[PDB]
Every structure is written in C-alpha cells, then in structure tokens.
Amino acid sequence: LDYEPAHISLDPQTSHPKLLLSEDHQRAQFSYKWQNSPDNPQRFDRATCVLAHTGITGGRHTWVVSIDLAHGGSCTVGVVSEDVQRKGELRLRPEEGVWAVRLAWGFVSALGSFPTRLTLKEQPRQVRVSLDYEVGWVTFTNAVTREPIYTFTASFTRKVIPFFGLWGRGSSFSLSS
C-alpha cells in the first residue's frame, strides 16, 4: 500500500491503427476505421494495443484503468518488457514479456501459455495495476472494492511499460492513478 500513483500518457507512436486516442492521451476507444497510421517499428500492427510513453526501471507504481465495454468487447491491461514483439501475431504471455489480464462481460482471465479464468465477486469497472519492480509483482485489483484479481511473479531484466488493448466497437478505457 506504499505503491506510488504514476502519470500514464498513451504513446501515439505505439497504438494499433484500430485505436483512437483522446487529445490528452488519457483515453482510447476501438475505432470502426483503420487510421492511416505511420507503420513505424514501435507501432503494433496486429495486436490492437497501445503502450504508455514512460517505462519503469524500479520502485512500486500504481495506476487505474476505467473500462467501458458497450457491446460485448474486451479490454486488456498489464505491463510489457520494452523489447516486446510489436509486429506480427504476438502471444500475450510472460515468456514473451507480457503480464496482462483480459476483461470482457462475464469473463476475466490472466493471460499466459495456460490462461487462468478468474471468477470475481463483481464485474470490475476500474482495474488498479500495482507494479513492484524491485520484488517482481504485477498485481491487479478492483480499484473501487480492492478485491484481488491476480498477481504475476516476474523477473524483470529490462524496462517495463504499462500495456493496454481493446477489441470490438464501443469498447474504451480511461486512465487515472
């Protein structure tokens, strides 16, 4: 509970063409249109994902993702090693530097080679990500109720970057701390 609220801004260099970022870089929604997004090496081309601008190399840090799934979409939240594969079919799993949870209506899972289905007391509106770089914890909780969701144990050898994904029109997320 000594996790330091962090500023997150979504990096428009990284965002899949199917994600629309807000002017303030605090929100994203799944867009009906592929944008004519410059295909620079930092940009996801298949995974409908976006990174934060600023990575973490130490300490304890925490941020909150508010999730709105209007019509059976999904949202993915977590952290990636900064050398995560961005081009092609990415497998979201620890082995490939992804520590993330996927939320849909009636469906939450921790992503790995062997995804873990999680049944919660409530459908999370808000997911708190609490990262302890020093120990190697990625903790997910319901940011309103503090209900535990999942904890990954990780060995960080590189910078880690807050990670977000959306699938399906009417799906969106917004950031706070």
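Numbers follow the displayed sequence, beginning with 1.
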| property | result |
| --- | --- |
| Residue range whose averaged C-alpha B-factor is higher in the record, 88-96 or 74-82 | 88-96 |
| Entry-level comparison of average CA B-factors, 127-135 and 112-120, reporting the higher stretch | 112-120 |
| Out of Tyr150, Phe30, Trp34, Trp63, highest CA B-factor residue | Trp34 |
| Chain third (lowest, middle, highest) by recorded CA B-factor, residue given as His16 | lowest |
| Where the record places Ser174 (Cα B-factor, split into thirds across the chain) | middle |
| Third of chain Cα B-factors occupied by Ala52 | lowest |
| Where the record places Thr141 (Cα B-factor, split into thirds across the chain) | lowest |
| Cα B factor band for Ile161 (lowest, middle or highest third within the chain) | lowest |
